[PDB]
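*Asks:*
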Amino acid sequence: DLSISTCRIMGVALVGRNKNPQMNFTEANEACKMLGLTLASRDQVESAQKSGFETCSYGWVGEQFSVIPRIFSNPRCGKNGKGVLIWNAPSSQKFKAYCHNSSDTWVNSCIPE
Ligand SMILES: *[C@@H]1O[C@H](CO)[C@@H](O)[C@H](O)[C@H]1NC(C)=O
Ligand SMILES: *[C@@H]1O[C@H](CO)[C@@H](O)[C@H](O)[C@H]1NC(C)=O
Ligand SMILES: [Cl-]
Numbered sequence: 029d030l031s032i033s034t035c036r037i038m039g040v041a042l043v044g045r046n047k048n049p050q051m052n053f054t055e056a057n058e059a060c061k062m063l064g065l066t067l068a069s070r071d072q073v074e075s076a077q078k079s080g081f082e083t084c085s086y087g088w089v090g091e092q093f094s095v096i097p098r099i100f101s102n103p104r105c106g107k108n109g110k111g112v113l114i115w116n117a118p119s120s121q122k123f124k125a126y127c128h129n130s131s132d133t134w135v136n137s138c139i140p141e
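All residue numbers for the sequence shown refer to the deposited numbering, where the first residue is 29 and numbers rise by one.
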């Protein structure tokens, strides 16, 4: 089974395997597709972060690098950074995935508008 953000922010969810190992770029893309989603772009993750989305996991985006959205600094998440922090790693490296749902119309899929 996959782990997924319960509430998507600006259409974005963190998607991971339930246990290690995580996913190379191809595998992350395929996880999003299996859910009927696409791999999110860096811009989509940034829009989510600007509406309150943060995680402590690096995940693939469509630009073929990994990102982490951070609002609060934490030494163990994005090396204490804030914003959407980038890790340029080979496509073979394992990360989670950021997926985007183009059908979402709410800022937070758990907060009705
Ligand atoms: C990614 O993982 C798949 C296994 O699901 C493998 O077939 C593929 O070669 C891997 N790609 C890279 C670049 O390591
Ligand atoms: C995608 O968003 C639509 C509309 O909010 C929702 O009905 C659907 O369940 C979502 N699917 C996933 C996999 O997030
Ligand atoms: Cl959407």
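Where a beta carbon is used, it is the ideal one built from N, C-alpha and C, also for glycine.
1) Ordered along the chain, which non-local residues of its own chain (more than five positions away) have a Cβ less than 8 Å from that of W134?
2) I'd like to confirm something about residue 151: is its beta-carbon nearer than 7 Å to some heavy atom of ligand 1, or not?
3) For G106, which three-state DSSP category applies?
4) Does the Cβ of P97 have 16 or more other Cβ atoms within 10 Å, making it buried, or fewer, making it exposed?
5) Is it the case that the stretch 46-58 contacts the stretch 98-113, given that we only count it when at least three CB pairs across the two stretches are under 8 Å?
6) Is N52 near ligand 1, with its Cβ less than 7 Å from a heavy atom?
7) Can you check whether the CB of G39 is closer than 8 Å to the CB of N102?
8) Kindly list the residues whose CB is nearer than 6 Å to the CB of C138, restricted to its own chain and excluding five residues on each side of it in sequence; keep chain order.
9) What residue range is occupied by the uninterrupted beta strand (DSSP E) comprising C127?
10) For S94, count neighbouring C-beta atoms within 10 Å of its own C-beta (all shown protein chains included) and say buried if the count is 16 or more, exposed if not.
11) Report the start-end ranges of each alpha helix (DSSP H) in the stretch 43-104 that is 4 residues or longer and not cut off at the edges.
12) With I37 as the anchor, note down where its beta strand (DSSP E) starts and where it stops.
*Replies:* In this structure, then:
1) On the sequence shown, position 106 is the one that residue 134 refers to. Within the same chain, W134 has close Cβ partners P140, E141.
2) Only positions 29 to 141 of the chain appear in this structure, which leaves residue 151 out of reach.
3) The residue you call residue 106 lines up with position 78 of the sequence shown. Helix, per DSSP.
4) As a position in the sequence shown, residue 97 is number 69, starting the count at 1. With 16 or more other CB atoms across the displayed protein chains lying within 10 angstroms of its CB, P97 is buried.
5) With contact defined as three or more Cβ pairs closer than 8 Å, the stretch 98-113 and the stretch 46-58 are not in contact.
6) In the sequence shown, the residue the question calls residue 52 occupies position 24. Taking the Cβ of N52 as the reference point, at least one heavy atom of ligand 1 falls within a distance shorter than 7 Å.
7) Position 74 of the sequence shown, counted from the first residue, corresponds to residue 102. Position 11 of the sequence shown, counted from the first residue, corresponds to residue 39. No, Cβ-Cβ distance for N102 and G39 is not below 8 Å.
8) As a working note, residue 138 is residue 110 in the sequence shown. If the five residues before and after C138 are omitted, its C-beta is found closer than 6 Å to the C-beta atoms of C35, all from its own chain and listed in chain order.
9) The count along the sequence shown starts at 1 and reaches residue 127 at position 99. Where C127 is concerned, the enclosing beta strand (DSSP E) starts and stops at 124-128.
10) As a first step, residue 94 is located in the sequence shown; it is residue number 66 there, counting from the start. Counting of Cβ neighbours within 10 angstroms places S94 among the buried residues, the total reaching 16 or more.
11) You should have 53-62, 70-78.
12) Stepping through the sequence shown from its first residue, residue 37 is reached at position 9. Per DSSP, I37 belongs to no beta strand (DSSP E) and is neither H nor E.
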